[PDB]
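Below is the file data25.csv, which contains CSV, C-alpha atoms.
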```
chain,number,residue,atom,x,y,z
A,1,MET,CA,82.2,77.3,98.1
A,2,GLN,CA,80.9,80.8,98.8
A,3,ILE,CA,83.7,83.5,98.5
A,4,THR,CA,83.0,86.3,101.0
A,5,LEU,CA,86.3,88.1,100.6
A,6,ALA,CA,89.1,87.8,98.0
A,7,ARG,CA,92.1,89.9,99.0
A,8,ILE,CA,95.6,90.5,97.5
A,9,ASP,CA,97.8,91.1,100.5
A,10,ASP,CA,101.3,89.7,100.2
A,11,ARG,CA,101.8,89.8,104.0
A,12,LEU,CA,99.0,87.3,104.1
A,13,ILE,CA,98.0,86.9,107.8
A,14,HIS,CA,99.5,89.7,109.8
A,15,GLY,CA,98.1,90.5,113.2
A,16,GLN,CA,95.2,92.8,113.9
A,17,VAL,CA,94.7,94.0,110.4
A,18,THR,CA,94.0,90.5,109.0
A,19,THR,CA,91.9,89.6,112.0
A,20,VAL,CA,89.6,92.6,111.4
A,21,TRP,CA,89.3,91.7,107.8
A,22,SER,CA,88.5,88.1,108.8
A,23,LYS,CA,85.5,89.4,110.8
A,24,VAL,CA,84.3,91.4,107.8
A,25,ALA,CA,84.5,88.3,105.7
A,26,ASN,CA,82.7,86.1,108.3
A,27,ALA,CA,84.2,83.1,106.6
A,28,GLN,CA,84.8,79.5,108.0
A,29,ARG,CA,88.0,79.0,106.1
A,30,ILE,CA,90.9,81.3,105.1
A,31,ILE,CA,92.5,79.9,102.0
A,32,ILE,CA,96.0,81.2,101.0
A,33,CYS,CA,96.2,80.5,97.2
A,34,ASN,CA,99.8,80.4,96.1
A,35,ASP,CA,102.2,77.8,94.6
A,36,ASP,CA,105.3,78.9,96.4
A,37,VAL,CA,104.0,79.6,99.8
A,38,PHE,CA,102.6,76.0,100.0
A,39,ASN,CA,106.3,74.9,99.6
A,40,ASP,CA,107.8,76.8,102.6
A,41,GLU,CA,107.2,74.7,105.7
A,42,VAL,CA,108.1,77.5,108.1
A,43,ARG,CA,105.8,80.0,106.5
A,44,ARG,CA,102.9,77.5,106.2
A,45,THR,CA,103.4,76.7,109.9
A,46,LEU,CA,103.2,80.3,110.8
A,47,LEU,CA,100.1,80.7,108.7
A,48,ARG,CA,98.3,77.7,110.2
A,49,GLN,CA,99.2,78.8,113.8
A,50,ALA,CA,97.8,82.3,113.0
A,51,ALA,CA,94.3,81.0,112.4
A,52,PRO,CA,91.8,83.3,114.1
A,53,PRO,CA,89.6,81.4,116.7
A,54,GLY,CA,86.7,79.6,115.1
A,55,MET,CA,88.3,79.7,111.6
A,56,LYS,CA,90.4,77.3,109.7
A,57,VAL,CA,93.5,78.2,107.6
A,58,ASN,CA,94.7,76.3,104.6
A,59,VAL,CA,97.7,77.0,102.3
A,60,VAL,CA,97.2,75.6,98.8
A,61,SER,CA,98.5,75.6,95.3
A,62,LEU,CA,96.4,77.3,92.6
A,63,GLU,CA,95.7,73.8,91.2
A,64,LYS,CA,94.3,72.6,94.5
A,65,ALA,CA,92.5,75.9,95.2
A,66,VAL,CA,90.5,75.4,91.9
A,67,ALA,CA,90.0,71.7,92.7
A,68,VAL,CA,88.6,72.2,96.1
A,69,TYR,CA,86.4,75.1,94.8
A,70,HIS,CA,84.8,72.6,92.4
A,71,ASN,CA,84.3,69.9,95.1
A,72,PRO,CA,80.7,69.7,96.2
A,73,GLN,CA,81.8,68.6,99.6
A,74,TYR,CA,82.5,72.3,100.2
A,75,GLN,CA,79.5,73.7,98.3
A,76,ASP,CA,78.2,75.9,101.1
A,77,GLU,CA,81.6,76.6,102.9
A,78,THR,CA,82.3,80.3,103.3
A,79,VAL,CA,85.8,81.3,102.2
A,80,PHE,CA,88.2,84.2,102.6
A,81,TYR,CA,90.8,84.0,99.9
A,82,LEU,CA,94.3,85.5,100.3
A,83,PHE,CA,96.5,86.1,97.2
A,84,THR,CA,100.0,87.7,96.8
A,85,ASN,CA,99.4,89.0,93.3
A,86,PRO,CA,96.8,89.6,90.7
A,87,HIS,CA,98.2,87.1,88.2
A,88,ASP,CA,97.1,84.2,90.4
A,89,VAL,CA,93.6,85.7,90.8
A,90,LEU,CA,93.3,85.8,87.0
A,91,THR,CA,94.5,82.2,86.7
A,92,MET,CA,91.7,81.0,89.0
A,93,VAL,CA,89.0,83.2,87.6
A,94,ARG,CA,89.8,81.8,84.1
A,95,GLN,CA,89.2,78.4,85.6
A,96,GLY,CA,85.7,79.1,86.9
A,97,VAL,CA,86.4,80.5,90.3
A,98,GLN,CA,83.7,83.2,90.7
A,99,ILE,CA,85.2,86.3,92.3
A,100,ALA,CA,82.8,89.2,91.8
A,101,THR,CA,85.0,91.8,93.6
A,102,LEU,CA,88.7,91.6,94.4
A,103,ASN,CA,90.0,93.6,97.4
A,104,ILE,CA,93.6,94.9,96.9
A,105,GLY,CA,95.3,95.5,100.2
A,106,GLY,CA,99.0,95.1,100.0
A,107,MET,CA,101.5,94.7,97.1
A,108,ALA,CA,104.9,95.3,98.5
A,109,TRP,CA,107.6,97.3,96.7
A,110,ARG,CA,110.7,95.7,95.3
A,111,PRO,CA,113.2,96.7,92.6
A,112,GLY,CA,111.4,96.6,89.2
A,113,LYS,CA,108.1,97.9,90.7
A,114,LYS,CA,106.9,101.5,90.7
A,115,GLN,CA,104.9,102.6,93.7
A,116,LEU,CA,101.3,103.6,92.9
A,117,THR,CA,100.1,104.7,96.3
A,118,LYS,CA,100.8,103.7,99.9
A,119,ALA,CA,100.9,99.9,100.2
A,120,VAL,CA,100.6,99.2,96.5
A,121,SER,CA,103.5,98.9,94.0
A,122,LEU,CA,103.3,97.5,90.5
A,123,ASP,CA,105.0,96.5,87.3
A,124,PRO,CA,103.5,96.5,83.8
A,125,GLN,CA,102.7,92.8,84.2
A,126,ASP,CA,100.7,93.5,87.4
A,127,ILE,CA,98.9,96.3,85.6
A,128,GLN,CA,98.0,94.1,82.7
A,129,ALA,CA,96.6,91.4,85.0
A,130,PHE,CA,94.3,94.0,86.6
A,131,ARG,CA,93.2,95.1,83.1
A,132,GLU,CA,92.3,91.5,82.2
A,133,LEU,CA,90.5,91.1,85.5
A,134,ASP,CA,88.4,94.2,84.8
A,135,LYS,CA,87.6,93.0,81.2
A,136,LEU,CA,86.1,89.8,82.9
A,137,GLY,CA,83.9,92.0,85.0
A,138,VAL,CA,85.8,91.7,88.3
A,139,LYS,CA,85.3,94.7,90.5
A,140,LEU,CA,88.6,96.1,91.8
A,141,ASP,CA,88.4,97.4,95.4
A,142,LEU,CA,91.6,99.0,96.7
A,143,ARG,CA,91.6,99.3,100.5
A,144,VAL,CA,94.3,98.5,102.9
A,145,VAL,CA,91.8,98.4,105.8
A,146,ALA,CA,88.1,97.9,105.5
A,147,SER,CA,87.2,101.4,106.9
A,148,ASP,CA,89.3,103.1,104.2
A,149,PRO,CA,87.5,104.6,101.2
A,150,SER,CA,87.4,102.2,98.3
A,151,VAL,CA,89.5,103.2,95.3
A,152,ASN,CA,89.2,101.6,91.8
A,153,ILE,CA,92.8,100.6,91.2
A,154,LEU,CA,92.5,100.9,87.5
A,155,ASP,CA,91.2,104.4,87.7
A,156,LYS,CA,94.1,105.2,90.1
A,157,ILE,CA,96.6,103.8,87.6
A,158,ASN,CA,95.0,105.6,84.8
A,159,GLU,CA,95.4,109.0,86.6
A,160,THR,CA,99.0,109.1,85.6
A,161,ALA,CA,99.4,106.6,82.7
A,162,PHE,CA,97.7,106.0,79.3
A,163,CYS,CA,95.0,103.4,78.8
```
Please, can you express the file's structure as structure tokens?
Amino acid sequence: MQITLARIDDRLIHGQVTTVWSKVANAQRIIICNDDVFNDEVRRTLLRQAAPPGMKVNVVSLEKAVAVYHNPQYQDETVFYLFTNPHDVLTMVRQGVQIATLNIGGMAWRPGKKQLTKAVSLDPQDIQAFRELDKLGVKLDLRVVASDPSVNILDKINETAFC
């Protein structure tokens, strides 16, 4: 598999914004990698029905994401990965999934998180995951939309916190 875009966006496929990103990625398959989304039949159905014309959509567990990545049947398939969080990206990267740069587009606020900037809220665990990703050489590209200026999420975090 050739990964043309790997994006953390916990709203997954959501109208025009995702469609625009899908054209930047120019991928044949959008693959949502998440253990829990796979298990929600209604959400999976909304995701499959939201496939942009000419593209396939699959919702899979991290286990299956890694397995299909290593399957030579899909050696040359172009892929747009969607994730809800950085921990899962780390898990797959540690298992041989080559993601050179990770786009961060949307991490929703909930109690326990602290907002970093518009569209991205984090807890210490999230921040640690990004640090581990950076140690592994993964480039961190924060942009909600493709035309936005890219921000290094770690540099942004480090503006107001130590490390």
Just want the 12 Å neighbourhood of residue A:82, counted on all atoms listed in the file, with same-chain residues fewer than 3 positions away dropped. Output as a ChimeraX atom specification.
/A:3-14,18,21-22,25,29-34,37,47,57-62,65,79,85-86,88-89,102-106
Would you pick out the contacts of stretch 127-131 of chain A at 12 Å or less, using all atoms listed in the file, so that residues sharing its chain but fewer than 3 positions from it are not included, and give the list as a PyMOL selection string?
chain A and resi 8+85-91+93-94+101-104+107+113-116+120-124+134-142+152-158+161-163
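The two atoms in question, atom CA of residue A:20 and atom CA of residue A:63, are spaced 28.3 Å apart.
Taking atom CA of residue A:77 and atom CA of residue A:28 as endpoints, the distance between them is 6.7 Å.
Between atom CA of residue A:84 and atom CA of residue A:119 lies a distance of 12.7 Å.
Considering the residues A:52, A:125, A:68, A:133 and counting all atoms listed in the file, residue A:100 has its shortest atom-to-atom contact with A:133.
If you measure from each of A:43, A:111, A:83, A:1 to residue A:69 using only C-alpha atoms, the closest one turns out to be A:1.
Proximity to residue A:23 was assessed for A:109, A:74, A:80, A:38 counting all atoms listed in the file; the smallest distance is recorded for A:80.
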